[PDB]
Amino acid sequence: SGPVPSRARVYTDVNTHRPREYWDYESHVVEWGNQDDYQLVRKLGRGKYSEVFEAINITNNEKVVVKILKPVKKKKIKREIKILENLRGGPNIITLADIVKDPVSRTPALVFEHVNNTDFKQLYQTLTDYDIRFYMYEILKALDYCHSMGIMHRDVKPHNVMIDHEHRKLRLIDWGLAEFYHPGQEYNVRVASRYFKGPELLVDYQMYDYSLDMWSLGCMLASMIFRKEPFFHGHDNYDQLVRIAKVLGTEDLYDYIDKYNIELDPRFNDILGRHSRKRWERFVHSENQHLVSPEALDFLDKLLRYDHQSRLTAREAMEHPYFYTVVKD
Ligand SMILES: O=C1C=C2C[C@]3(O)COc4c(ccc(O)c4O)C3=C2C=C1O
C-alpha cells in the first residue's frame, strides 16, 4: 500500500528519446575559459552554495555576473552547467557566458550575462496590472521552454526572476536545483524555498514533475496581485502546508492524499485540522483591488491546485484570457 505512481502529463518522454549525452551530466566534460579575463567589482550576494559578484570582462569592458561556487561534488556542478548549456538561447533563460576556475577559491566560477535588476522587494510595490500579466507571461515562456526540454527548475521564486523593468527584460536564474525529468523517477523533495514548495513536496510525494514549478509560479502570482509577499508564510515545512490548507481548504487536500494513497506524517495529524476553502475574493482589499480581475483569480485558481496533475501546464497557462492583452502586444 505505497503511494500511487505518477507521470507528467506533458513532455513525459523528452529525455527518454534524447541521446544519453543530453541528460547524462555526470559524463559532461567542462570546457574552461580564462579566469584572467574577469575582474570582480562588487559582491551582489552570498548564499550557502556560492557568492555572486558584479564583474567586468577586461577584454571588452562588458559587465557580467560571476557566481563563484563553493566545493560541492563535481556531479552537482556539472548538472547546473549542463542544464545551462542545454537551455542557453531559450526565451528569458539566463545566459551562461563562460565557465572559469577561480584561482583564489580553487572552485568553478560561472559567468553570466548581466541584468540591471530591480530588487523584487521594491519593484513588486510599483507594478501595475498590465506589468504583472506581462512578466507572468514572460516567465511562462521560460518554463514552457525548459519543461519542453525535459528540465524542472525546482526553485521558482521572486529572487530567481531578475527584471530590468525599464527595458521590460526578464531572466529566470539559478538553475542550481534544476533536474532532468525521467518518468517514474523518485526525486528529492528537499527543493525550492519553503514558501514556494508545492503540496507534493510537503507531503513527501517523490514522483513529482514539471508541475511543481507551476505551483511555485502560482505562489508568486498571488503575492503579486494581493500584495502579500510571500503569500503562504509558513514557519516550517509542516506549518507551510497548514498555511496552504487555511486557504485552499482541507477537503481537497485530503482528496489529494487519498487519490495518491499518501501516508501523512504523524506530526501532521493535529496541525492540519479542518479548514474550509476560502474564496480568493477574501484577500482583495483597497490597496490591491486594482491588480485583481476575474481573469486573474480564475488563472490563479488553475495554478494553485493540490493535485499536481490538475494544474495548468506552462503552455496552457499562456492561452488563458488573463494574457489576451499581452498576447495582442
Ligand atoms: O545564473 C545565475 C545568474 C545570476 C545573476 C544574478 O542575476 C546577479 O545578482 C544575484 C544573483 C544571485 C544571488 C544574489 O543575491 C544576487 O544579487 C545572480 C545569479 C544566479 C544565477 O544562478
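Just so it is clear, chain A uses Swiss-Prot numbers, and the residues here are 2-330, in order.
Placement of Cβ uses the backbone N, Cα and C atoms for every residue, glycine included.
Summarising the annotation, Swiss-Prot assigns region 'Interaction with beta subunit' to 36-41. Annotated domain 'Protein kinase' per Swiss-Prot: 39-324, in sequence order. The ATP binding site annotation in Swiss-Prot covers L45, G46, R47, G48, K49, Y50, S51, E52, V53, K68. Sequence annotations record features per position, and here Swiss-Prot assigns active site, proton acceptor to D156.
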**Request:** Select, from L45, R47, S51, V53, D156, each of the recorded positions with a Cβ positioned under 6 A from at least one atom of ligand 1; if none does, say none.
**Result:** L45, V53
**Complete:** Filtered by Cβ under 8 Å and at least 6 apart in sequence, the residues in the chain of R47 (ATP binding site) near it are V53
**Prompt:** Among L45, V53, all listed as binding-site residues, which has the most CB atoms within 10 Å of its CB?
**Reply:** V53
**Request:** Can you tell me which binding-site residues out of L45, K49, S51 are within 10 A of the residue listed as 'active site, proton acceptor' by Cα, answering none if there aren't any?
**Result:** none
**Request:** Please determine which of the recorded positions listed here (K49, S51, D156) has the lowest count of neighbouring CB atoms within 10 Å.
**Result:** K49
**Request:** Would you list the other residues of this chain near ATP - those whose C-beta lies within 8 angstroms of the C-beta centroid of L45, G46, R47, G48, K49, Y50, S51, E52, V53, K68 - in sequence order?
**Result:** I69
**Prompt:** Which whole number of Å gives the largest C-alpha distance between any two of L45, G46, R47, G48, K49, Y50, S51, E52, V53, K68, the residues noted as binding ATP?
**Reply:** 14
**Prompt:** What is the three-state DSSP composition of the region 'Interaction with beta subunit' (36-41), stated as helix, strand and coil residue counts?
**Reply:** 3 helix, 3 strand, 0 coil
